[PDB]
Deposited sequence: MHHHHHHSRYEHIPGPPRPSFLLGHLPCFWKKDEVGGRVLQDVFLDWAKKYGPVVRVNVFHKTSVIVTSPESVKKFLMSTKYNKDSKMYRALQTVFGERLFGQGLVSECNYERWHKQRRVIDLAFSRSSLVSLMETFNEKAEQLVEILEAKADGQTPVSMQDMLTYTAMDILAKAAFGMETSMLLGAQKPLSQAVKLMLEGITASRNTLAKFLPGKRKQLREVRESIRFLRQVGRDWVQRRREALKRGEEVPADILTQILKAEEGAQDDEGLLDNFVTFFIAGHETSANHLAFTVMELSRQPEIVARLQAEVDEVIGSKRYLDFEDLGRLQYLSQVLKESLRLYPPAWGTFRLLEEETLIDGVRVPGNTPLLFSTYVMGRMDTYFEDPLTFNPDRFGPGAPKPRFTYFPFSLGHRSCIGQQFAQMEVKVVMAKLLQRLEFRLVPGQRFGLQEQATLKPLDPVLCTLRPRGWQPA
């Protein structure tokens, strides 16, 4: 009853229902997400007010689904799901060190090596006939990159290793959205497995440090540092799992969506191929300076995130009753922000369903609080530049070497768990560039 005065209803996903309702009912709409009543706020004024202030914190009730699943601790109080400001701020500032300019520049070798491995595997299949799941291949690449970059481990998913691990991730993500008997069993065991991987890799790191082996400072270094005097390792494992999942899942989804969309954009692909040819030539390795020169690719990736944001948005807690765009919203209410919804509204983007990289051209007016694929403010993505770099490296190497055609019958639709991803496996046939 407390929300009844708020406007609202009396490969298609929940975000699409939200889009319809925002269009029908306006900038402040009452909805149902993760069992609770929330209010979807879609004016840029609101985006600015709530996301760009340390006064507004994440809503713990909406993050409970990440913290624990079916009685199994998952992301716990890790960096994504911690909703206490002071607790978040402590760990954020420590982990920030792993995402310094110099830290990320040093990762270029890892990005290049995994991208090169992917391309060599695809080249051998490029007979214009063999169907290849680009969703799968890009997920394996993203995982291999993350495991090495963040934790100094070799998952070798591109070599067909760690199949149970990939199964565990899938079942766990299904688990988040779920919240019969067999599904519960599978989800719980998957979560415990991932945390055990954490214990294993943490023990390996500690052993290396004791034996005085060389350990390059990485994300794991800072995750350990953040827990320097904790009672137990549960906080450490929270962050292990957080970074293990967040560090590859969205990157993989972003790559897959981009490949999927580009399969129906031959002119844009031709332009991208030309840009890569001109900037890097036949070089096997992209330098950091090369990344900045791939300006058209940067625009295409931005436009991909407008239409296909893997991370659709965020929640903040409204503590006190507040007027939001002429609507009285009661205190203690989750506000839902969605870059997916706003990206597809004609009031914010002309011809919203058209894929046009020119929206992000140098001279074009920049979206003002209508586009936030990495979120905004203090709780924005710590991994934003990491992700931007790795995806540019992967995409550039694909464009350098291969032509992709989507297998007829493959859909452009979405599926939604916690994050958005292609409904279909992005099955493509491949040919080497140059006939």
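Asker: How would you write out the unmodelled ranges of the deposited sequence, numbered from 1?
Answerer: Those parts of the chain that were deposited but carry no coordinates are 1-7, 18-36, 206-215, 472-474.
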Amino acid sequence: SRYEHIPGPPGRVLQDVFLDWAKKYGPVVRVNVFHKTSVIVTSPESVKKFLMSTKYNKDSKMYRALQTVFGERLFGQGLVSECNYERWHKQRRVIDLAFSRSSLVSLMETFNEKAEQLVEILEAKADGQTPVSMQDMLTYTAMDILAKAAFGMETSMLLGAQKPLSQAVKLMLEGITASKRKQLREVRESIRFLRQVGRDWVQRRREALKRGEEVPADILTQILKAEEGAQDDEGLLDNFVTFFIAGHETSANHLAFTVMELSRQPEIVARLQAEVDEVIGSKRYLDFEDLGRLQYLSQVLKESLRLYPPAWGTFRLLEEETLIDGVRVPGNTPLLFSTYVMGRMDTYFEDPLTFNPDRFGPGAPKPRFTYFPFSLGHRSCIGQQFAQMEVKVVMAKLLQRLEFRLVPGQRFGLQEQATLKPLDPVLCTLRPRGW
From here on, numbers count along this sequence of modelled residues.
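So that the term is clear: the rigid core is the largest set of C-alpha atoms that superpose within 1.5 Å between two forms.
Asker: Any chance you could tell me whether 159-167 or 263-271 drifts more in 9 other deposited structures of this protein, judged by RMS CA distance from this form after superposing on the core?
Answerer: The answer is 159-167, which departs more from the shown form in 9 other deposited structures of this protein.
Asker: When the other structures are laid on this one by the rigid core, do the CA atoms of 102-110 or of 207-215 sit farther away in 9 other deposited structures of this protein?
Answerer: Of the two stretches, the larger average C-alpha offset in 9 other deposited structures of this protein falls on 207-215.
Asker: Looking only at CA atoms, which has the higher mean B factor in the entry: 375-383 or 48-56?
Answerer: It is 48-56 that shows the higher mean C-alpha B-factor.
Asker: Can you tell me which stretch has the higher mean Cα B-factor, 325-333 or 277-285?
Answerer: According to the PDB entry, the answer is 277-285.
Asker: Could you tell me which one of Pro362, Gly343, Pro266, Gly78 shows the highest CA temperature factor in the PDB record?
Answerer: Of the options given, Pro362 has the highest CA B-factor in the PDB entry.
Asker: With respect to the C-alpha temperature factors reported in the PDB entry, which of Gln196, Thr139, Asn239, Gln295 ranks highest?
Answerer: Of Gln196, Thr139, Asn239, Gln295, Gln196 has the highest C-alpha B-factor.
Asker: Which third of the chain does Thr370 land in by C-alpha B-factor: lowest, middle or highest?
Answerer: CA B-factor rank for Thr370: lowest third.
Asker: Split into thirds by Cα B-factor across the chain's modelled residues, where does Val39 land: lowest, middle or highest?
Answerer: According to the entry, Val39 has a C-alpha B-factor in the chain's middle third.
Asker: Just say lowest, middle or highest third for the CA B-factor of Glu113 relative to the other modelled residues in its chain.
Answerer: According to the entry, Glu113 has a C-alpha B-factor in the chain's middle third.
Asker: Looking at the entry's B-factor column for C-alpha atoms only, identify whether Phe244 ranks in the lowest, middle or highest third of its chain.
Answerer: Ranked within chain, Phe244 CA B lands in the lowest tercile.
Asker: In terms of the CA temperature factor given in the entry, to which third of its chain does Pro425 belong: lowest, middle or highest?
Answerer: It belongs to the lowest third of the chain when residues are ordered by C-alpha B-factor.
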